[PDB]
Amino acid sequence: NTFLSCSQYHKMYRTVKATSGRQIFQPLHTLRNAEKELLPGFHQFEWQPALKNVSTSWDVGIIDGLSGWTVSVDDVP
Amino acid sequence: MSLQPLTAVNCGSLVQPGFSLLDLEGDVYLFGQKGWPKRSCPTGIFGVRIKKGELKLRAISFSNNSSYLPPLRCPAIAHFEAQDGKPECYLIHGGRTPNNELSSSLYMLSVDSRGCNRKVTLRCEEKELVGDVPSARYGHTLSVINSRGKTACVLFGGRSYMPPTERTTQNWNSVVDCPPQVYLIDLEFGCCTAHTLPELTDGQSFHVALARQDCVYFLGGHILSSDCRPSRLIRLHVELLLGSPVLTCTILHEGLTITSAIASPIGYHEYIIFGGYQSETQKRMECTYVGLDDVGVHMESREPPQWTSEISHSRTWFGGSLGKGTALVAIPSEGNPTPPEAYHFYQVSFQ
Amino acid sequence: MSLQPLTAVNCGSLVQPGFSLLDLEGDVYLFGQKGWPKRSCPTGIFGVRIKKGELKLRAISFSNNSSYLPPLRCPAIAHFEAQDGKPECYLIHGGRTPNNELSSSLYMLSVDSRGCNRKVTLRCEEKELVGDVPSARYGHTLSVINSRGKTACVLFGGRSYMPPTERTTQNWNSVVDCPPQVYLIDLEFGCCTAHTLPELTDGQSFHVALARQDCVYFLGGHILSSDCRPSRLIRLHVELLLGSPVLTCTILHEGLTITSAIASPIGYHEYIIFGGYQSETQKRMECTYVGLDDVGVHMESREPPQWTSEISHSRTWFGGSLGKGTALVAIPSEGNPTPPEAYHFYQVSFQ
Amino acid sequence: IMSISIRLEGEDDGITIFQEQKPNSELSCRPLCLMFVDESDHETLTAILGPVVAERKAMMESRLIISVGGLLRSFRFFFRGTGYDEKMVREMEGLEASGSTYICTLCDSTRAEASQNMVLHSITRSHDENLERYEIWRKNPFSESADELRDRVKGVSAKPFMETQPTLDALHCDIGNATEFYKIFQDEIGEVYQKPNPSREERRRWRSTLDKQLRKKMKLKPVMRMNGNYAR
DNA sequence: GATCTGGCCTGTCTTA
DNA sequence: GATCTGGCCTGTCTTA
Ligand SMILES: [Zn+2]
């Protein structure tokens, strides 16, 4: 919410810990596992009746939108 | 065998990677365009004239009693030649709607009247198919056969989307080869029969098919199961008798390993295979000649016209046949800002 | 009285808010180009022609003996009329170069030869002033008098940069009115005398000065000390009698409250005054007529032409006198994208 | 997510629970798909967005089950497509963009017809009716010429693929109306009802003096394309 | 050579 | 009416 870049935040963390720390802020690698709940593909859910033409796997994260294009040359690329 | 660089002065955004060139009654008609029809041309079909290097596209208008067509991207064109009763017919089936779908309907295109002043009116009719209809597909091939003495059509090959039950919103734009059965279609009525091929255990696509005197010869076509481009040639023989359309088949040992070739007619039955893709990276540069007689295919490589560095180093290329030993090819272009003409055009001529 | 808009045909980017129109021998010459002289016209001076609304600028060329001029922005122009020796002269002094410094050098401009094919050659001679030179200033006025029978010049008014004691790099760009002493300059030689008079309390700037028959009439200037635009009319009477150019002065009742006016001669000694500004905020809209004779100045309000809403709602406006009852006015123009032509132009004509 | 309400056990059309107090805010707008695709071309846009519209059209039917607040609860979904401007609504419903004869996306009135008659019109257009009308235009059962057939389907020449609720965008409506009034003022600076054929230079001079005035007062500087702040 | 009409071209209008 | 010359016009090159 303060639009701080990851590398700028790590800079802030190192500077606030090296001087008088007594470290307050958490390191990056504990943030990277902290949001695994906020992103999609974490909670269990289920429809009824089962959806049409949609798979039932409930853990699909970021999927590439091309959706299985047969990149082979001769078709529309 | 010389190539002339053309300028697509105006209307160079209507051509797209896959499209068709119908050669009927002299002048050629471009068919297929980017997006749906715009009000400049409410039909979708342009007339092409090449003069002094200029490529000029003119708007064509349909007749009063004809239905209209979506701009099918990669359809299967079959040239039904002049005879009783309505020359000159083109059978189109079935292609890809620009709203990305597969159309399973067959269209029949013909010429109606003229001029008054250098104007041609066309007419399109949907042809209802009572079947046993072949599943909607693109890239397949249709060919007309005349046998003792009646007329039929042979439909073979092509790809299609995943079966309707197994298509998942992640495998949506996935595409697999349709099963390998040959469909015999009567022009009228819509009785279409399906027959199995004991020798062909797999289908293909993008294979140039040449039909002469109730014999059909299928050149190589790209297979997506094994990712192989077979050099073998396929011959099939349709013997139309009352009332079972028996079909037989055989393999020829050697043919050109080619996919998406521009098959331009020159002589009576002599064609030139103008080139395409032999591997996923390298494109065919050599021009080949294919004469067709009842003995078999006679194949000789001919001196390919000297290609400028641009068309020799291009990633991909496509085109179509303007007829009379003349063909059109296109190369996508780069630059900044937009050219905006995304395609440079070349006209290759034989003899 | 009439006005016509003029189209600012190409090369209209050389007109800046302060500039001069030197009217000599038919066509008039724009002077005071924006920026330094670009090698499109290495002189700096232009001939102007107005034909069917088109304002076309041609590049004049100096002669071999001439020293070259920097494009001063707002100098003091004095028209020395046609007589012995070399008619007719324009005295330019002194203005400020495109680098913000003040010239303090008197230049004399004359014509040399023509044509052949619609070509006119000029010549600029810098003339030395020995003295007791006048301090570098801009906006002042110089006027030409003929007194029994010697020709002299009276130099008065004008702002200047602060003296080089209180000059401070925080008060660098500030200007203050030069001390009010009249300088009498001989055309030849450069012997310049300086006289002071009690009735002239402070100097002025941008005050139109008129000169006839060894008498000079100063209209209302703009005094920067009390911020007043005095409506007093000033008169001074000089005579060059060996060996002093003895000078006296008088105040008059009514003088117009305009600064930076466009004084166009129309009659023998009758002028039409267009005016720049009545007050700091509100510009002058009325046009006035000022005749002058041995008795005194005679004022008459003449009907001003109907102004377009644009030139009536303009904040600032400038121009000069093309002569012969014709004058040229300019309006800065606001628009996005940049027009780029900044100044829209009008031609006003009397009778 | 605009609002979430409860109905059970019944007797109430709804009993609202959560209503987004700031719908237009940038803090409440959840991205779903990002693409590097042009808007003009149709084939790439539809090939990528096929699946999204497909599972959206398949989701309206069934009911979701989530473990929330400790218990298993059931949800229904209503989708309202309203955030598209007119260009995209026209091109994704089969109409002709954008200066056609058939002006209204909600009605069938033509450009000249809604000039005489202005204030009386009734909303007709909908998704299914446009699908059926594309079917009429392609099958062409009565065999009319191009213009008559275009008149029968009131200008549906392409198959619609996305469904769009018949509403009006607010922001671009304000921008369009402010550009209309800016042309009216640009006309009224000069006299256009006295001199009906003004020259191009006169147009430029009128726009220049109007922008000069609108700079002296209201503290505005002109813009090439007119954003919404200039309209307000 | 006189006639004509299809289509080419150009300017304004509309939402972006 | 022929001739001549200045200035107008356009394309390319240079840093931005
Ligand atoms: Zn409406």
# chains A, B, ... in the order shown; residues from 1 in each chain; ligands from 1

call {"tool": "residues_near_ligand", "arguments": {"ligand": "ligand 1", "cutoff": "8 Å", "atoms": "only C-alpha atoms (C1' of nucleotides) and all ligand atoms", "output": "number ranges by chain"}}
result
D: 103-109, 114, 121-123

call {"tool": "residues_around", "arguments": {"residues": "segment 10-12 of chain B", "least_positions_apart": "3", "cutoff": "8 Å", "atoms": "only C-alpha atoms (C1' of nucleotides)", "output": "number ranges by chain"}}
result
B: 15, 56-57, 341-343

call {"tool": "interface_residues", "arguments": {"of": "chain D", "to": "chain B", "cutoff": "8 Å", "atoms": "only C-alpha atoms", "output": "ChimeraX atom specification"}}
result
/D:41-43,46-47,50-52,54-55,96,137-140,142-146,157-159,161

call {"tool": "write_last_selection", "arguments": {"atoms": "C-alpha atoms", "output": "CSV table (one decimal), in the first residue's frame"}}
result
chain,number,residue,atom,x,y,z
D,41,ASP,CA,-8.3,-7.0,-34.7
D,42,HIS,CA,-11.0,-9.5,-33.8
D,43,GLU,CA,-9.4,-12.9,-34.2
D,46,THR,CA,-11.7,-13.6,-29.4
D,47,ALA,CA,-9.2,-16.5,-29.4
D,50,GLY,CA,-13.0,-17.4,-25.6
D,51,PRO,CA,-12.4,-19.4,-22.4
D,52,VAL,CA,-13.3,-16.5,-20.0
D,54,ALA,CA,-17.2,-19.7,-21.9
D,55,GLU,CA,-16.8,-20.4,-18.2
D,96,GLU,CA,-21.2,-0.9,-37.0
D,137,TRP,CA,-28.8,-11.7,-42.1
D,138,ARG,CA,-26.7,-14.8,-42.9
D,139,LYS,CA,-29.5,-17.1,-43.9
D,140,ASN,CA,-31.3,-14.4,-45.9
D,142,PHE,CA,-36.5,-13.4,-48.2
D,143,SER,CA,-33.7,-12.6,-50.7
D,144,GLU,CA,-33.4,-8.9,-50.4
D,145,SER,CA,-30.6,-6.7,-51.8
D,146,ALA,CA,-27.8,-5.5,-49.5
D,157,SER,CA,-23.9,-7.9,-39.8
D,158,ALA,CA,-21.6,-9.8,-37.4
D,159,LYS,CA,-22.3,-12.6,-34.9
D,161,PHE,CA,-19.8,-13.3,-29.0

call {"tool": "residues_around", "arguments": {"residues": "segment 89-93 of chain C", "least_positions_apart": "4", "cutoff": "7 Å", "atoms": "only C-alpha atoms (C1' of nucleotides)", "output": "NGL selection string"}}
result
:C and (75-81 or 104-110)

call {"tool": "atom_distance", "arguments": {"atom1": "atom CA of residue 155 of chain B", "atom2": "atom CA of residue 183 of chain B"}}
result
5.0 Å

call {"tool": "closest_atom_pairs", "arguments": {"of": "chain D", "to": "chain A", "cutoff": "6 Å", "atoms": "only C-alpha atoms", "output": "tab-separated table"}}
result
residue	atom	partner	partner_atom	distance
D:62	CA	A:48	CA	5.7
D:63	CA	A:48	CA	5.6
D:64	CA	A:47	CA	4.4
D:65	CA	A:46	CA	5.3
D:66	CA	A:45	CA	5.2

call {"tool": "write_last_selection", "arguments": {"atoms": "N, CA, C and O atoms", "output": "short mmCIF file (atom, residue, chain, number, x, y, z; two decimals), in the first residue's frame"}}
result
data_model
loop_
_atom_site.label_atom_id
_atom_site.label_comp_id
_atom_site.auth_asym_id
_atom_site.auth_seq_id
_atom_site.Cartn_x
_atom_site.Cartn_y
_atom_site.Cartn_z
N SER D 62 -24.96 -22.93 -12.10
CA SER D 62 -24.78 -23.70 -10.88
C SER D 62 -24.54 -22.80 -9.68
O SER D 62 -24.42 -21.58 -9.80
N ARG D 63 -24.46 -23.41 -8.50
CA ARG D 63 -24.26 -22.69 -7.26
C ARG D 63 -22.98 -23.14 -6.59
O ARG D 63 -22.64 -24.33 -6.59
N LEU D 64 -22.26 -22.18 -6.02
CA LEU D 64 -20.95 -22.39 -5.42
C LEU D 64 -21.11 -22.75 -3.95
O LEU D 64 -22.06 -22.33 -3.30
N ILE D 65 -20.16 -23.53 -3.42
CA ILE D 65 -20.14 -23.91 -2.01
C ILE D 65 -18.76 -23.58 -1.45
O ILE D 65 -17.74 -24.09 -1.95
N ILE D 66 -18.74 -22.74 -0.41
CA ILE D 66 -17.53 -22.24 0.23
C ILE D 66 -17.63 -22.47 1.74
O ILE D 66 -18.73 -22.44 2.31
#

call {"tool": "interface_residues", "arguments": {"of": "chain B", "to": "chain A", "cutoff": "10 Å", "atoms": "only C-alpha atoms", "output": "PyMOL selection string"}}
result
chain B and resi 16-18+73-74+139+164-176+205-206+222+224+227+259-260+276-277+279-281+315-318

call {"tool": "interface_residues", "arguments": {"of": "chain F", "to": "chain C", "cutoff": "12 Å", "atoms": "only C-alpha atoms (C1' of nucleotides)", "output": "ChimeraX atom specification"}}
result
/F:4-8

call {"tool": "write_last_selection", "arguments": {"atoms": "N, CA, C and O atoms (P, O5', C5', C4', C3', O3' and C1' of nucleotides)", "output": "mmCIF file, in the first residue's frame"}}
result
data_model
loop_
_atom_site.group_PDB
_atom_site.id
_atom_site.type_symbol
_atom_site.label_atom_id
_atom_site.label_comp_id
_atom_site.auth_asym_id
_atom_site.auth_seq_id
_atom_site.Cartn_x
_atom_site.Cartn_y
_atom_site.Cartn_z
ATOM 1 P P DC F 4 20.500 35.418 -72.332
ATOM 2 O "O5'" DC F 4 20.801 36.195 -70.969
ATOM 3 C "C5'" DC F 4 20.302 37.519 -70.780
ATOM 4 C "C4'" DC F 4 19.935 37.748 -69.325
ATOM 5 C "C3'" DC F 4 20.518 36.728 -68.355
ATOM 6 O "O3'" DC F 4 20.859 37.365 -67.142
ATOM 7 C "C1'" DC F 4 18.170 36.697 -68.193
ATOM 8 P P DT F 5 22.280 37.094 -66.447
ATOM 9 O "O5'" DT F 5 22.019 37.493 -64.924
ATOM 10 C "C5'" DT F 5 21.156 38.584 -64.620
ATOM 11 C "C4'" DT F 5 20.060 38.155 -63.660
ATOM 12 C "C3'" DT F 5 20.510 37.218 -62.530
ATOM 13 O "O3'" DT F 5 20.084 37.740 -61.272
ATOM 14 C "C1'" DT F 5 18.556 36.404 -63.566
ATOM 15 P P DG F 6 21.025 37.644 -59.973
ATOM 16 O "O5'" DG F 6 20.025 37.969 -58.774
ATOM 17 C "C5'" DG F 6 19.003 38.930 -58.958
ATOM 18 C "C4'" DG F 6 17.688 38.435 -58.386
ATOM 19 C "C3'" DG F 6 17.790 37.761 -57.024
ATOM 20 O "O3'" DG F 6 16.727 38.203 -56.193
ATOM 21 C "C1'" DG F 6 16.832 36.252 -58.612
ATOM 22 P P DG F 7 16.787 38.022 -54.598
ATOM 23 O "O5'" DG F 7 15.491 37.126 -54.290
ATOM 24 C "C5'" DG F 7 14.309 37.280 -55.092
ATOM 25 C "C4'" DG F 7 13.568 35.960 -55.282
ATOM 26 C "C3'" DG F 7 13.439 35.089 -54.034
ATOM 27 O "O3'" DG F 7 12.105 34.598 -53.933
ATOM 28 C "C1'" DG F 7 14.291 33.809 -55.810
ATOM 29 P P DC F 8 11.621 33.815 -52.619
ATOM 30 O "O5'" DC F 8 10.396 32.931 -53.116
ATOM 31 C "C5'" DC F 8 10.050 32.908 -54.484
ATOM 32 C "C4'" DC F 8 9.707 31.501 -54.920
ATOM 33 C "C3'" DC F 8 9.398 30.535 -53.780
ATOM 34 O "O3'" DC F 8 8.295 29.709 -54.139
ATOM 35 C "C1'" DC F 8 11.196 29.697 -55.074
#

call {"tool": "residues_around", "arguments": {"residues": "residue 148 of chain B", "least_positions_apart": "3", "cutoff": "10 Å", "atoms": "only C-alpha atoms (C1' of nucleotides)", "output": "PyMOL selection string"}}
result
chain B and resi 151+214+239-241

call {"tool": "write_last_selection", "arguments": {"atoms": "C-alpha atoms", "output": "compact mmCIF listing (two decimals), in the first residue's frame"}}
result
# COMPACT_ATOMS: atom_id res chain seq x y z
CA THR B 151 -19.89 -35.79 -60.37
CA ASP B 214 -11.61 -39.87 -61.01
CA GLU B 239 -15.56 -45.83 -58.56
CA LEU B 240 -19.07 -44.37 -58.36
CA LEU B 241 -21.70 -47.02 -59.05

call {"tool": "atom_distance", "arguments": {"atom1": "atom CA of residue 323 of chain C", "atom2": "atom CA of residue 309 of chain C"}}
result
25.7 Å

call {"tool": "select_by_dssp", "arguments": {"residues": "segment 92-335 of chain B", "states": "alpha helix (DSSP H)", "output": "mmCIF file with N, CA and C atoms, in the first residue's frame"}}
result
data_model
loop_
_atom_site.group_PDB
_atom_site.id
_atom_site.type_symbol
_atom_site.label_atom_id
_atom_site.label_comp_id
_atom_site.auth_asym_id
_atom_site.auth_seq_id
_atom_site.Cartn_x
_atom_site.Cartn_y
_atom_site.Cartn_z
ATOM 1 N N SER B 309 17.150 -11.113 -50.936
ATOM 2 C CA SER B 309 17.516 -11.526 -49.587
ATOM 3 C C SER B 309 16.333 -11.478 -48.629
ATOM 4 N N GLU B 310 15.388 -10.559 -48.849
ATOM 5 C CA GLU B 310 14.280 -10.397 -47.909
ATOM 6 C C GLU B 310 13.382 -11.624 -47.893
ATOM 7 N N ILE B 311 13.005 -12.123 -49.070
ATOM 8 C CA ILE B 311 12.129 -13.289 -49.145
ATOM 9 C C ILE B 311 12.891 -14.584 -48.895
ATOM 10 N N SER B 312 14.220 -14.563 -48.987
ATOM 11 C CA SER B 312 15.005 -15.744 -48.652
ATOM 12 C C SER B 312 15.230 -15.879 -47.150
#

call {"tool": "select_by_dssp", "arguments": {"residues": "chain A", "states": "strand (DSSP E or B)", "output": "PyMOL selection string"}}
result
chain A and resi 45-48

call {"tool": "write_last_selection", "arguments": {"atoms": "N, CA, C and O atoms", "output": "PDB file, in the first residue's frame"}}
result
ATOM      1  N   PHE A  45     -12.963 -25.160  -2.500  1.00  0.00           N
ATOM      2  CA  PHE A  45     -14.294 -24.746  -2.925  1.00  0.00           C
ATOM      3  C   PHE A  45     -14.869 -25.810  -3.840  1.00  0.00           C
ATOM      4  O   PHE A  45     -14.132 -26.627  -4.390  1.00  0.00           O
ATOM      5  N   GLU A  46     -16.191 -25.793  -4.023  1.00  0.00           N
ATOM      6  CA  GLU A  46     -16.741 -26.711  -5.017  1.00  0.00           C
ATOM      7  C   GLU A  46     -18.112 -26.267  -5.498  1.00  0.00           C
ATOM      8  O   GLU A  46     -18.927 -25.787  -4.712  1.00  0.00           O
ATOM      9  N   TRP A  47     -18.356 -26.437  -6.791  1.00  0.00           N
ATOM     10  CA  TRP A  47     -19.643 -26.100  -7.374  1.00  0.00           C
ATOM     11  C   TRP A  47     -20.575 -27.303  -7.321  1.00  0.00           C
ATOM     12  O   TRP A  47     -20.150 -28.436  -7.106  1.00  0.00           O
ATOM     13  N   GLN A  48     -21.872 -27.035  -7.493  1.00  0.00           N
ATOM     14  CA  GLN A  48     -22.817 -28.096  -7.777  1.00  0.00           C
ATOM     15  C   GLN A  48     -23.952 -27.474  -8.576  1.00  0.00           C
ATOM     16  O   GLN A  48     -24.353 -26.341  -8.278  1.00  0.00           O
TER      17      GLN A  48
END

call {"tool": "closest_atom_pairs", "arguments": {"of": "chain D", "to": "chain E", "cutoff": "7 Å", "atoms": "only C-alpha atoms (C1' of nucleotides)", "output": "tab-separated table"}}
result
residue	atom	partner	partner_atom	distance
D:87	CA	E:15	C1'	6.4
D:98	CA	E:14	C1'	6.0
D:99	CA	E:14	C1'	4.7

call {"tool": "write_last_selection", "arguments": {"atoms": "N, CA and C atoms", "output": "PDB file, in the first residue's frame"}}
result
ATOM      1  N   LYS D  87     -17.237   2.072 -28.360  1.00  0.00           N
ATOM      2  CA  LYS D  87     -16.470   1.423 -29.418  1.00  0.00           C
ATOM      3  C   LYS D  87     -16.437  -0.085 -29.216  1.00  0.00           C
ATOM      4  N   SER D  98     -18.431   3.880 -35.936  1.00  0.00           N
ATOM      5  CA  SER D  98     -19.267   4.292 -34.815  1.00  0.00           C
ATOM      6  C   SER D  98     -20.168   5.420 -35.267  1.00  0.00           C
ATOM      7  N   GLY D  99     -19.971   5.846 -36.508  1.00  0.00           N
ATOM      8  CA  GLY D  99     -20.738   6.925 -37.083  1.00  0.00           C
ATOM      9  C   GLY D  99     -21.755   6.399 -38.064  1.00  0.00           C
TER      10      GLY D  99
END

call {"tool": "closest_residue", "arguments": {"among": "D:135, D:163, D:128, D:39", "to": "residue 82 of chain D", "atoms": "only C-alpha atoms"}}
result
D:163
